[PDB]
Every structure is written in C-alpha cells, then in structure tokens.
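A lone chain, given as structure tokens: the form deposited in one PDB entry.
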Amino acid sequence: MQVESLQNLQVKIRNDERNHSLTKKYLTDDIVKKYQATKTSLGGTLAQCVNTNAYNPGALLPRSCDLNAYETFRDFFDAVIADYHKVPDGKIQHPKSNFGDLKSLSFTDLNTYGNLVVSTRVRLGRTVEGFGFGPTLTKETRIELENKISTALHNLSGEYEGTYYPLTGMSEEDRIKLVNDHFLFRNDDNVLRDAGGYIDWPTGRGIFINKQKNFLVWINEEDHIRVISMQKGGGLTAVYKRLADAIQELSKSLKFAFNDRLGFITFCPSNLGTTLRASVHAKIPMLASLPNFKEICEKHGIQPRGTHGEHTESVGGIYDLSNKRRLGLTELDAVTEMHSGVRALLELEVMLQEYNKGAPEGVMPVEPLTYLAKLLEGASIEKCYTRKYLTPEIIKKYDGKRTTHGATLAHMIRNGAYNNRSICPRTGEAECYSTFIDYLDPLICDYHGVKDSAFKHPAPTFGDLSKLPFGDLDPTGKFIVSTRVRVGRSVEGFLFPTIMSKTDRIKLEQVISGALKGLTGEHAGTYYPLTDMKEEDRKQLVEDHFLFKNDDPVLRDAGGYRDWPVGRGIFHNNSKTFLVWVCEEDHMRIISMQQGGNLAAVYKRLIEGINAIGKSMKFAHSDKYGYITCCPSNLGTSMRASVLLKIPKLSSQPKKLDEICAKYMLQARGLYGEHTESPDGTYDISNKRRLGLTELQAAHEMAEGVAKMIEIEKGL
C-alpha cells in the first residue's frame, strides 16, 4: 500500500482544525523522527497506520499496518491505547482468556425486563499469526489466509455446519438482503478504506453462515475473522455459549495472535483484549430522551449506539446497547458487565414508562422519586437544601402527585440526584410552590433566612429612581471590575425551562422577543435567536460574561437543555449595558451592567427595562413568594446585585472570606458565575437573599456588603 511520507501525513492531520483524534494527539515530532524509516517484520510503516486519520478528521483512532505495529511503534500505540481504554498510569495489562465454566453459566433472558429486546448478538475478532492486514497483504497471501480460515470453519462440529459464501460472484441482491438482515458488513466505510481495508476487493473475502443462521463469520473485512453469534429475543446465555464453543474449537486449527499486554491483537486498537462486544437491540425511547442518557449508560458500563437508517421512517427508540470495556478483563467479565448494565438500563426504561403513564407530550419524562432519592444520598444533608428537606414523610406524601400541567417532585430533585454538590432543586412550574409546599416552603425559609414568616413578601418596591440610597460608588479600578444587577421572571401560563415542551419554547420566545424588539431609547437593541448565532459569536459573548453558558450539567440534568437551542436567545442594546436571556434557567433574565462601580446608573437602567417588558406580559407572582422562578433561591425580588470584586487577597484566608460572607447574607461565586473557580482572587460578590425584603433593600445589603468587604483592603 503506497501512502504519503509520515511527515506529510502529520502536517495534514495537525493543520486540520476539524481533527481531534488520539492520533493527532500523540503523533509527535519526536515520534515522527524516531519511526519514519522503521519497518515491521511484515514490511509495514507508521505512515500506513495513520493514513486514514489524514483523510477522515472524524476518526478517533489509527489502524495497524499489521499485527507487529503495536510492538514496532510502541511509543505511539501505547499512548493511544492507554488513553482510549483509560488505562491507569499506563500500566497496560490483559488477563488470560477466560469464557467461564460454560456448563454452569446462566444469565436471565433480557426480555424479562419489559420485553424490549428485538435481538441479541455477541462478537469476537481474531488475528491469524503470520499474515498482515490490508496495508501489507498481497492479493495472493490474502487468498491463502481466506483458504486457511474457511478450511478450519468447515471442520467445525455439528451446530456450526453451514455454507461459506465468498464475496466474489455473490449477487448484489443477496448481499443487500444480508446487510439489512444484520448478517453482513456494509460497503461504504471510509475510515476502513483509507486504512487499506478494501484493497483487491472483493477477493479473499466472504461470509460463513451455519444452517440454523445464528452463527456467522466474516473473513478479511475489518479483521481476519469476525465471529458472530446472534438470534431474536434476549437469550444471551445461549448466544454467548454458542460463540464461546465455536472460538474454542477454532483455536485448535488456527494460531491467533495474542499479546500479554494487549490480549488478542486486532486491526483497530479499539478492539484489543477480549475483542468482545455483546449487544442487544432494544426499544428504549424514554431512557434515550433523558438529558444525561449517555452518561447513565457509561456509568452502568454500557455504550449506546444509534440504529438510525435501519428501519422505516416512523420507527424510533431502538438502540444498540453493549459493554463498553474490551481491555483488561476476561470475556466472562465483559459479558457479565454487559448483562448487568443492560438489565439495569432496561429496568429503568420499564420504570420510566410506568411512572410517566399519561404525562403531557414533549414534557420531560422523569425517573421515579425513590430512584432519584437514592442517588441524592451521595449529597450532604448539611449543605444540600434539596436533600435536607426530602424526608420520608415528604416522599410518602408527594410520590405519585402531579401539578395541573404535569410537574412532579422527582422532576425538581433530579439535578441534585445527579449532581450531589448542587444544593437547590429546580421546579417545573409556578404551581409547584403550592402543590409541593411542605417540601419547598421550609426549604425557602431556610435558604432566604426568613425570620418572621407571618408576613407577605413586600409588594414590588423599586424606590425613587431619581434619589437612590446608593450612587456611583465611584472607585478607581482597584477592586470592582464591573457592576451588574439582574432579575428572573416567569411568564404566566407557561411551564418552566426545565420540563416545558419545544412548542412551548417557540410560543414563549414569540411573546418575549416581540416585547424586546419594541424596547426604545437606551433599551433599544437587537434580538439574537440562538438558532441563527455562530459558534464564535456565542463563545465571545459568554467569555465576555454577557451570554449564559450551554454546558452546565446541573441545569442539563434538570431538563434545561432539551430541544437545543429552540426558543433560546440573547437581546442587548448596542452598548451591551442592558441584556435579556430568553429561556435559559428561567423564562427571562433581565440584566443591567457596565464597567465601573456606579451601582445607581446600573440599577436605574434595570428597573426601567423591567417595567417596559412587563407591559406586554404578566409576570408570575404570589403574596407569599413574590416573583416566582425555577429555583427557590431566586424568589421574591429575584434580584441579584453584584460586582466582580478583585480581592487580592482576602482569598488567602478563605474563612476570613466566608466569615465576611455569612455575616451579610451575601454569596461568593467564581469569576464566571456559580460552580466556577476564581483566578486572580476575583470574586462574584452578590447579596444572598432575595425574598423577605424589597428591591432597594436587596441592592443596599449588597452595597453595604461590598463597601465593607472592600474596606478590609489596605488595612491588610
């Protein structure tokens, strides 16, 4: 196989902005210098290994010119393997082959759990010693390999009797039937092609199929052999045993390449070790719809794969589920993990289907309350309001309940269950605060530090915008970078961004963007739908502290990134002193900011903007809780006044900082908001409480708070 010089290949890969491969990562100048003239014992080169990465930016891994590539270019492959298979401290290791004691082995049929499994499949790969892969085979040696393999296949015992169908002179209608029946590989794998997988096609290739049609072998496609066991239903025990017996019989007729570090050698580094992939095709549309679906799979040791294109137009929800691991465990370990992980996922799909029977369409489905309650147990009952008030009495009273429009208690604790460092819930609609009042009301009192709960949250009280109890603090630029004040609002009649539907978002955005487009004067500006905004535009505004971020796991697991990015947007005036996030955590976030410390100018611009917006829609509001929001922490005024405060460096004593914080009902966030760290010792310094006080008071408790936190400056 003739390819470009290794150094050309490295340039192409490196200058390709789209390439994010492990090849790119580890194909270093040192590596290229060390290996550029080196040949394997079968005549292969590192260039032949990485060729495909140069022409397919999407591929994550290299391939191998032949089985000796792993040893000959070890500095390169070990790095790639250690990373991909997540090997601890790069001590790559693989245990001796072990399928288990077949006569005593039994796994429950996977259709026990909701009867969702169309079919079950297990496959292995093997390399035969003394032969190269695509880059280093000749036409005649590939045919010799093919003959050696088919010969051993014909000598297989009774259950494995069948027919070998070479790919050469097989009709295009037989081939296309076999592929759709899930029996045969496809033709169109560009990664494989540019790795040399289709040289001299179709000679030396074929498929073996037994009479029963539940065991089959691919010769010289992606590996020397791919050995496959499969049938309808969820009978994994039978599928596994059939595979294991076949490969043990074949092991006596063929010498398979095996490595003490890497296990069985394969063409792609992804398949080293067991090479074993045990899979089901299962109907799991609700589990598949969850925000953290992939991570839930990963956590159970399972990789999900789509099946899009394998069915008619209206067939959905069918996924390939398999053990993610290959390397550093036995075959028995692998299929056991597959079986435990898939069972758990399938059971979770049954629980979701039961628990969300009858819920509104497009509304996020949720795990059962007692399931999420158990995950929440990894959170601290002293820091986490979400857990502290989720008592056994609460679960008993509220499990099974829905608001009028479908919100549950399970919904609002879900972000906490999956992000145990998070400390507040995220509600689904305004009606949550009455429906689930026994849980939310004492949490609300605790967080906001209500002292006399006999009284209403004050009516909206913004004060006289002409004579304010603060003015320009007027600093230098020594402590305060930028002054900012924001409020959240909800629109009556709409579910919150957590569980609202796509169609809801489209209608909400229309209401709000309409009002925003009509703002005049200092508040006149442009609305930017996230659907039309470029990725470097968006990231600039985010790093400029103007736009909300799109990768917060806590908001993601609460439902807030569903149907992304439909109905999300940023509005701002030309100066960017006034801004509105449409449908992030809340329906609205109305923001005023500028460089400097002039809180009064910032505050005034904010209040004027709120009133103008409020002409076109009714904000959700209660006597007890004031302006209602997604998170209970943002009730009342829903107001957060803040500056980014360079305190070099009271950070030095983060307890002199935490004391000076608890002492004002103020909160410390990172440079880029909550759940971020602070370089520079620069701190997001805001008033903590928003309920049980007016908008003037909230901003004054901040002013006094910062005025004082500053003053412990160069007395230091």
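We number the residues from 1 along the sequence you see. Rigid core here is just the name for the largest C-alpha set that superposes within 1.5 Å across the two forms.
Here the subject shifts to the form deposited in another entry, a form of this protein not shown in this document.
Considering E361, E129, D101, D174, one residue stands apart with a C-alpha shift of at least 2 Å between the shown form and the other one following superposition on the core, and it is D174. In this overlay on the rigid core, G477 has a C-alpha that sits 2 Å or more away from its partner position between the shown form and the other one. Once both forms are fitted on their core, the CA shift for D30 between the shown form and the other one remains under 2 Å. A displacement of 2 angstroms or greater separates the C-alpha positions of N187 between the shown form and the other one, with the rigid core held in common. Between this form and the other one, the CA-CA gap for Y561 and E536 widens by 3 Å or more, being larger in that other deposited form.
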